[PDB]
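Student: My questions all concern the structure below.
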Amino acid sequence: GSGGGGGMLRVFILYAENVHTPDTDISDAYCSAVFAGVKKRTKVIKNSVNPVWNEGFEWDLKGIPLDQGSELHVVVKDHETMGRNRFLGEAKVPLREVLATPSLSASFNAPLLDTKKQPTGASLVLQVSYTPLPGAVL
């Protein structure tokens, strides 16, 4: 919905896979995440002492209220604001869970399986946390 807001969205991918197919060239699966249409990433201009290509993605819920029907999309496709359509198992995080818990923070496991590459030990762990700026009970 829409109305009041004021929040800081925090997402930590902790380093995913299936980002690039070639070793020299690249692939269209760049480490980037998108909440409601805003796909952003980190510049990581400093030395790569970090194995994480994602670093983490933050959004502001200043004018956009963190909803029950809002979804987090990571790498899968260019971007997706509204799901609704039953996905097979793509990395589409249900933000409702963060609001459901008084912790306002949750972890999820969403690895990039080609199709039938279901997790058998390796899984991507993305965390979602909704930090209210004014401390509103949305």
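Numbers here mean position along the shown chain, with the first residue as 1.
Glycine is treated like the rest: Cβ placed from N, Cα and C.
The Ca(2+) 1 binding site annotation in Swiss-Prot covers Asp25, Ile26, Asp28, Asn47, and the record cites experimental evidence as its basis. According to Swiss-Prot, the feature domain 'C2 1' maps to 8-108.
Annotated expression tag per the PDB entry: 1-7, in sequence order.
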Student: Against which stretches of its own chain does the expression tag (1-7) lie, if we need a Cβ under 8 Å and a gap of at least six residues from its ends?
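Tutor: Cβ under 8 Å, 6 or more out: 60-67, 130-134, 136, 138.
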Student: What count of other C-beta atoms do you get within 10 angstroms of the C-beta of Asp28 (Ca(2+) 1 binding site), across all chains shown?
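Tutor: So the number of other Cβ atoms within 10 Å of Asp28 (Ca(2+) 1 binding site) is 10.
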Student: So for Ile26 (Ca(2+) 1 binding site), how many other CB atoms are inside 10 Å of its CB?
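Tutor: So the Cβ neighbour count for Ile26 (Ca(2+) 1 binding site) comes to 11.
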Student: For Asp25 (Ca(2+) 1 binding site), list the number of other Cβ atoms lying within 10 Å of its Cβ atom.
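Tutor: Taking all protein chains shown, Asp25 (Ca(2+) 1 binding site) has 7 Cβ neighbours within 10 Å.
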